[PDB]
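Protein chains in written order, with the UniProt record's numbering: chain A, 306 to 458; chain B, 2 to 239, 271 to 511; chain C, 73 to 252; chain D, 551 to 665, 679 to 750, 754 to 892; chain E, 537 to 599; chain F, 614 to 880; chain G, 8 to 377.
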């Protein structure tokens, strides 16, 4: 139509980490507090706040099915959350460098971009989150990573 | 015949960079755009160093002994200079932009923070080589750009603040109990971070305005060197914890005043903090007691420094280029100068050659003393910009023309604006000329295209000269 | 383990009991010393222990407890612990001039002033704390301030009218802290 | 030779081979010549003597000096590159010494690796002669503002006083100062509660004056007076008063100090400035005590005879210069 | 502005401002005033009234 | 310039040009600043910063304008609200030369620049000869032949030699040296004395020197007063400086003591 | 003590290459190759991507005679002492204990092998600087003229002699494994072929011999009549091409598959070829010489015709006149016997420029080239 339906004040300072859930259609916001806020255009207040990190969160990504949530923070921890009513961290792993960006494919693979190096974690995915025990593929870029996305098909 | 050399750069006292006091504490080192000036408060003197650079100076680091200094521009070019001989010793080129440079108190090492890393180099030696500095070690901790450096008094460990809302403490040598450690607890950029007199106890300051206390269970002498291993072992064969006690807010809730500069004196346990509103606060740290606070200017306070003794605190304001040295105990100024950038448009000499009058677009008329290097009187009667200034031939009288439509005369005996000349028709003046006798004052206009001539003693309009077509370029009386 | 005991007069017994928490608190937690108040001997006892980490704490503990007995208020005396530079200086009034009876009484009156204004005025300008115990005067502050007060007190005793004493001290007390 | 006057001004000899090239320093005070004897010689034009000579492995073909003077560039007979030599006089102080004309450099310098009546310099004495009046070169601010201290200092204070919280405690840390006005602060684990007569009661300046009258020597007192600033000077002179605890005997020693300074006729402006500050402070008390008046009688005689001689010389010089202007 | 030394010393006020002076520069008592001086003061006082009346009338006409 | 033999010109450049007026040539070019953080400093802009779509200066412009404080306004040439404020163009706004003649000043975008006479810049002897050397100067000083030593040291223009020559002369022989001194060297000696008063401890020695030369040669210098204005003014201001503060202090002592010496009588 | 009082040497300007051959070095943390060339008493490092200077080393008292590189460090020899350079700028380790000049340096893991003039071969641990092993060879019988460590060989080095014999040695066991009778001409170059057991041997007569050292057979032979074999390199980009240099400045390209001469590059350098190396898995050849030139050749044209891709060049003849140009002083004008005028910058070599040759009828030069 070409009209602005909603304009919401997050009241959390600068906003730089954002993602959506394709299944849920809600918007995820990362903050320096370590909390992620769920937003919808109808409400003037966030749907929910989830504390995920002991420091500031810099990346967030969710799967296509809407079941799992992947976040990374300044505490050098990679976290996987179950969004289906439980909101508990299923897996935890400490990283040497910091994962600036995260992404999910349609088959459940997770890629983290740390500096100039990308790492992909693979799991069976049959009603299970990706396995953070050992990465699937690695690659070194010419420069530091500034964006990641999987081609759809 | 024409043998002249540059002597000093008047009109500017601070453009950008960090302020520093010398080792003895009597003089202050200030970056002025391209160059560096030392102000000797002890002897009331200003001296611009002969060295010049390609770009504006961003970082100035002083060796503890007071002999050496490192001056780095925005582009990354660095100069090693001797303060005693006032000559540039050597050149160097850091690959990337450096946020700050700091010498260890012992004087054998120094740290350069650039990009996301901090590089530790040895101090320059007596030996002369093509490469000035030998790189020793590199640390790659933070997510984002590093900002500030501080050293422990024992020179065993150092701390670096970063843009990634965390502070990283590293060791000068590989300590088995401490290789590196990270501290969070902030929701904004780190501006400054300090150490105690004889401990690893530290403070962290955020751009939001939060001060955080951190404590370790290990005394500085508790640091122990790592067990030897690798290839040294083959030759010979032939952790600490941190806790947060306190968190303090420099602002009331609902107020957003960004902390822009901070400085801390260890022996007196004194913190001085300057904010974006142009105010600064003094505190005594372990109990956090506000001594007194001042408002300096409307612009933000860019850099803050304190001398070794702790009496004097230096403030720089980049908005108007203001330099201010403040004695907290005597609650008085020892130095306070201000000069706007690119404002200067006018010049004249006193008949003796002893004083200089200058006018600017800002509208202030400033008289400087050539020997001292400081302006000693400023007149603010003019509202708009000053177009031209001049001196009378005999007396200590200065005549000024402005876009206000006024020509004003000032005396140096009583410091008052005794005479003002204006046209019967509203016009703005571009230049002024006075007779050698001094009885005649003349001015020219942008638009009325005619010269107005007034009597000095009478103060009335003698005559209007017409005949020119177009604006008047300039006027001058035959001597 | 070594100890020192200092006396307390009967006129300071009740403030010592009113404030015994306030004096007890810092010594045990900060200076790590064990204290007892002996009822029979009327003395305050301070000792070291295994938890005592520094040796200078014993000296500062004595000065802290001593000053309160002199009539100094509690955190004013507590400053002696956190600041080393402070001293307190003690003299009787008869040292400067031998005065007997009414002349001695008039000397005390000049020092305090009508309503204590004179003593309070020197307190503000010379940047010190003063108590007046009969023929005995006690002053607390920093070294340049201690000398500044004692001269002002000295001139008052030996017959100078208060007006000139105010004038001379304020002029010289301005130029203590400029530092060159 | 001089171009304007067409006459020979200097003659230089000592090369043992054909000269290949010559160059001048930017100021023109140094002549550098390269010869086939593999030596480069530097000549000082104002004195006309050889000051530097160093040997090379290969003969230098060309020599050139930088316009800024930082580097010297040379080329050699068979080499393919240009070699730079840094002039160390810019980054360090060097004392020129006259080398003998018939000098051969034994040591060779590799090109690319980093590693008398003749001389011209003079040092002025402290005093040319005893009767000749001399002034010291202390900074102007230390002594010119002694008579105007009070008005200057209040202008330094801000228009709006600092905001001081009421909840702030009474005691704050203290910074003692650049110079110790009092010699001794305390007599490691000693007590800080002490009776009177233990701490110092006399300024280090005051102590020297008492010793000064005994031996008629005041130089030590004169030295402490000349580092402390105008704020420090006013305190010491004010503290000299009997009300401030300085004996009347001590002022006599101070007055003999001033008479001693005018007798030597050195440090003339300090003697005038110090005496003037003393006169302002204690002029009311001065006439009463007869001991001080006889010192003033001698001081008044000395100042009038000194000033009249200089004031006359100043006045005749100025009137002639004004006459030339008209 | 702030400096540790002062350039020029002055009262900041012209001496006539502290103490106003007459045109002649001298003051005379009524007893010592002569005949001509009394006539002169009568002349100027009448002169002041005359021109003042003209100014009041001119202001009235403008109003 | 004060003598008028040279002219200085400046404008939209980093260079100040000094021309000889009679020969109509450029004597010298001075580089006011070498800062490359100011616009228009170099004739050819760097090829490195070019891309396909140009140098893209607006991005760096906005990075500069992130300073805040005000808001940029379109079309303002100068000021805080000017778009081109972080990197102002280089300009020599004004030039002036001291009436004294030992320095000159310029108002530029960098600030106020002062250039002063320095002996180290150029070696400018007057009348050289093979006999003229400091060794002969010190020799003539040793044989007490003061006039010849002073003259030959004046033929050199090194200030330390004439300083040593003048300070070696004892008092009482000053008038003989002044009388023996010819007319041409009088201006040189006056210029050296004027330079000396600033940095010499021996004020009244040089005051006696100046008094003698003036009192002998004033009538002759009056005829040639027009060409000597830059020198005389110089000398005057130096002789002024010390004088004034002495006139402030000694009198403040003198009369005051007499007032006390008055009171001692009245009781 | 110092010969001068007013002056001291700082640096050299305009020099890029000398007789000492270049080395090609790969780097860790940076997927790029670097080439290091000796320049008098120092050495320079350039990226091979664009021939841009990245570092300049500190000076050493004597002229560098031999150089080696092992990725982590750069080894340089001067006189009878050789040192190790870290960060391409400064020395961290020096090794003393040789009484004669060193001509050969072989990096061997954490150890370094140095060969003297008289015939002493000593293995040194780099960090501890101690001497692991000392071996001597009779100068009359066996004078070492070439050294090679074959790939995938455990503690084995190959030694060549001027007499013409070859000896295979094991450093760990300190015994002579085998002696190759070889050929009577004498060995001048040893190079590892792109095979597990195959090496290339150059001879003084101009003959290149491809030999298998395990079973002692000669696969093929090539001969050039231009003098001794200076250097040999192998192309590994999927084309079997071998290049051999000559003191005349010519380079011969030989096809290993068909055992024939592909093409010859004549006057690649005016002076003798010092070192030539094919970049790994690349169709690029890196050559330097005594004419102060470092050049890159690309074999991408039809019929394998090499063409000049990049070069960093200075004056190739002794200088005649040099003069400072400009009052700023950042450039010097220089003239040489090669008939060219050039300007050398005193702040950075990126501002160096050449004014060309002296030529009448410039328009004819456009048509035919120089």
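For each residue, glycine too, the CB sits at the ideal point set by N, CA and C.
**Prompt:** Who are the neighbours of residue 250 of chain C on chain B, taking C-beta pairs under 7 Å?
**Reply:** 362
**Message:** Assuming residue 815 of chain F and residue 883 of chain D are in contact, meaning their beta carbons sit under 8 Å apart, how far apart are those beta carbons, in whole angstroms?
**Reply:** Actually they do not touch by this definition, with Cβ atoms about 16 Å apart.
**Asked** From what residue to what residue does the alpha helix (DSSP H) around residue 859 of chain D run?
**Response** DSSP places residue 859 of chain D inside the alpha helix (DSSP H), whose first and last residues are 856-891.
**Item:** Which of helix, strand or coil DSSP assigns to residue 633 of chain F
**Value:** In the structure shown, residue 633 of chain F falls within a strand segment according to DSSP collapsed to helix, strand and coil.
**Asked** What's the C-alpha gap between residue 775 of chain F and residue 802 of chain F?
**Response** Those two C-alpha atoms are separated by around 9 Å.
**Message:** On the criterion of 16 or more Cβ atoms from any shown chain inside 10 Å, does residue 447 of chain B qualify as buried, or is it exposed?
**Reply:** Classification of residue 447 of chain B: exposed, given that the 10 Å Cβ count is below 16.
**Request:** Using the Cα positions of residue 711 of chain F and residue 367 of chain B, report the straight-line distance between them to the nearest angstrom.
**Result:** 28 Å
**Request:** May I have the straight-line CA-CA distance separating residue 378 of chain A from residue 644 of chain F, to the nearest angstrom?
**Result:** 53 Å
**Prompt:** Between residue 332 of chain A and residue 355 of chain A, what straight-line distance do the alpha-carbon atoms span, to the nearest angstrom?
**Reply:** 13 Å
**Request:** Give the DSSP-derived three-state secondary structure of residue 220 of chain B in the structure shown.
**Result:** coil
**Asked** When you compare only the Cα positions, how much space is there between residue 206 of chain C and residue 761 of chain D?
**Response** If I take the Cα positions, the gap works out to 16 Å.
**Request:** State yes or no: is the C-beta of residue 591 of chain D within less than 8 Å of the C-beta of residue 600 of chain D?
**Result:** Cβ atoms of residue 591 of chain D and residue 600 of chain D: closer than 8 Å.
**Message:** List, in chain order, every chain B residue whose beta-carbon is nearer than 8 Å to that of residue 885 of chain D.
**Reply:** Under the 8 Å cutoff, chain B gives no residues; its nearest Cβ is about 17 Å from residue 885 of chain D.
**Prompt:** Which chain D residues are close to residue 538 of chain E, counting only those with a beta carbon under 8 Å from its beta carbon?
**Reply:** 718, 719
**Message:** Rounded to whole angstroms, what is the Cα-Cα separation between residue 323 of chain B and residue 134 of chain B?
**Reply:** Spanning the two alpha carbons is a distance of roughly 43 Å.
**Asked** In terms of residues, what are the limits of the alpha helix (DSSP H) holding residue 868 of chain F?
**Response** Taken as a continuous stretch (DSSP letters only), the alpha helix (DSSP H) holding residue 868 of chain F covers 842-879.
**Request:** Starting from residue 201 of chain C, follow its DSSP beta bridges and name the residues at the other end.
**Result:** C:212
**Message:** Does chain C have any CB closer than 8 Å to the CB of residue 343 of chain B?
**Reply:** yes
**Asked** Hey, residue 838 of chain D and residue 862 of chain F are a contact pair by Cβ (cut 8 Å); roughly how many whole angstroms apart?
**Response** At roughly 4 Å, the Cβ-Cβ gap stays under 8 Å, so residue 838 of chain D and residue 862 of chain F are in contact.
**Asked** Does residue 400 of chain B have its Cβ less than 8 Å from a Cβ in chain G?
**Response** Contact with chain G is absent for residue 400 of chain B, since none of that chain's Cβ atoms lies less than 8 Å from the residue's Cβ.
**Item:** Three-state class that DSSP yields for residue 772 of chain D in the structure shown
**Value:** helix
**Message:** For residue 558 of chain D, which residues in the same chain have their Cβ closer than 6 Å to its Cβ, ignoring the five residues on either side in sequence?
**Reply:** 551
**Request:** Using a Cβ-Cβ cut-off of 8 Å, state whether residue 273 of chain G counts as contacting chain B.
**Result:** No - not a single Cβ of chain B is within 8 Å of the one on residue 273 of chain G.
**Message:** According to DSSP, simplified to helix, strand and coil, what is residue 636 of chain D?
**Reply:** strand
**Nearest neighbour of residue 771 of chain D, chosen from D:850, D:608, D:793 [CA to CA]** = D:793
**Prompt:** Can you name, in chain order, every residue of its own chain whose Cβ lies under 6 Å from the Cβ of residue 659 of chain D, other than the five neighbours on each side?
**Reply:** 604
**Item:** Beta carbon of residue 12 of chain B nearer than 8 Å to that of residue 306 of chain B
**Value:** Against a cut-off of 8 Å, the Cβ pair of residue 306 of chain B and residue 12 of chain B comes out as no contact.
**Prompt:** Does any C-beta atom of chain C lie closer than 8 Å to the C-beta of residue 760 of chain D?
**Reply:** With a threshold of 8 Å between beta carbons, residue 760 of chain D makes contact with chain C.
**Prompt:** What are the residues that DSSP puts in a beta bridge with residue 709 of chain F?
**Reply:** F:718
**Prompt:** Do the segment 19-33 of chain G and the segment 546-561 of chain E make contact, defined as three or more Cβ pairs closer than 8 Å?
**Reply:** no
**Message:** Since residue 204 of chain C and residue 183 of chain C should fall inside the 8 Å C-beta cutoff, what is the C-beta to C-beta distance between them, to a whole number of angstroms?
**Reply:** 6 Å
**Asked** According to DSSP, is residue 72 of chain G helix, strand or coil?
**Response** strand
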